[PDB]
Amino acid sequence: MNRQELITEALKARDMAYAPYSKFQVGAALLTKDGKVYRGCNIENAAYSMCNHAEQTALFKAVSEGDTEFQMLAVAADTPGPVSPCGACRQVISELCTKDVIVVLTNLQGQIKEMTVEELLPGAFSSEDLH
């Protein structure tokens, strides 16, 4: 699975976005160790605090299906450069993804940036901290 295919999935996932309030659509595609792909998109709500992001939707669909081993995650939005995952999403990524998972960031014009789960949120807060 070369990142380009996963990116293609994230771009399709982005079209399923329910973002009538921000008008900002985000798509994500998660690749399991066994090669299965899970798509995700942001889903908004009139009461802003309830909004769920693309990265999390993809991860939560996988986990709720029994898939917890991942190798790559692609995220795409219509930004000048590769889209930047928000802090909350990086946190969820650091919790559900091993530190070696590859995070592929992109947009709708071919700009790509890659980084590991660790580099995305260095020294992330974790279950270990809770002693």
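One-based numbering along the sequence shown.
The PDB entry records a higher mean C-alpha B factor for 114-122 than for its counterpart among 114-122 and 18-26.
Two stretches are in play, 74-82 and 47-55, and the higher mean C-alpha B-factor belongs to 47-55.
In this structure the maximum Cα B-factor among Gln91, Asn42, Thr68, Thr106 is found at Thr68. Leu6: CA B factor in the middle third of modelled residues in this chain (values from the PDB entry).
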